[PDB]
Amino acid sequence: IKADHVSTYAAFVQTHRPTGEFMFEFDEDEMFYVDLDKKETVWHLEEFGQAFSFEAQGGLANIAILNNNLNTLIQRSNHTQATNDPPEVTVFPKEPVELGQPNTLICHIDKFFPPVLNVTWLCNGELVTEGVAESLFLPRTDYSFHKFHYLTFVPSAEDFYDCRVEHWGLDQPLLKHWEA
């Protein structure tokens, strides 16, 4: 379809956590989503949150419709479960690496289904839980998902990192290695 821009609401509901997601993307970047537990609209960029709004309750209403629609299709499909499509994983820095200068490591997890994952960062084989952030489960046009994980870090010659991903399509955890 020819388009200068594509503006898309995407939402899903499923049996396992996260059991619902409701978001709006503009040229494939997530602009806002509804936090289903807080019942609030969350804006990705602060200046957008300052200029625009969205009524969270319409998101919540659509999650309730989609849950109705899920119950209907479970019955109509005779409980067809999809195959588990495992992720492709890439790790890369946000900025060119300069030792001793702060940067951000990105773990991009792509082309997977369903949107059920565990991801963690390791540094020198140990868990890292601070300076970490993650995106939503982001929709793809082929109805699989992608996701980003982030780690703020200061590169150093001796350190090594892994992005460690678990998904039902994988026989064992996938460790994607990175070093400066």
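Heads up: residue numbers just count along the shown sequence, starting at 1.
Identify the stretch, either 96-104 or 80-88, whose C-alpha atoms have the larger mean B-factor according to the entry. According to the entry, 80-88 carries the higher average C-alpha B-factor.
Averaged over C-alpha atoms, is the B-factor higher for 33-41 or for 112-120 in this PDB entry? That would be 33-41.
Member of 165, 13, 157, 10 with the greatest C-alpha B factor (per the PDB record): Across 165, 13, 157, 10, the entry lists the biggest C-alpha B-factor for 157.
Ranking the modelled residues of this chain by C-alpha B-factor as given in the entry, is residue 141 in the lowest, middle or highest third? Within its chain, residue 141 is a highest-third residue by C-alpha B-factor, going by the deposited values.
Lowest, middle or highest third: where is residue 60 by Cα B-factor in its chain? Answer is middle: the recorded C-alpha B-factor places it there.
Lowest, middle or highest third of the chain for the C-alpha temperature factor of residue 51? As the PDB entry reports it, the C-alpha B-factor of residue 51 lands in the middle third of its chain.
Entry-reported Cα temperature factor of residue 127, expressed as the chain third it lands in: Answer is highest: the recorded C-alpha B-factor places it there.
Lowest, middle or highest third: which one holds residue 135 when the chain's residues are ordered by CA B-factor from the entry? As the PDB entry reports it, the C-alpha B-factor of residue 135 lands in the lowest third of its chain.
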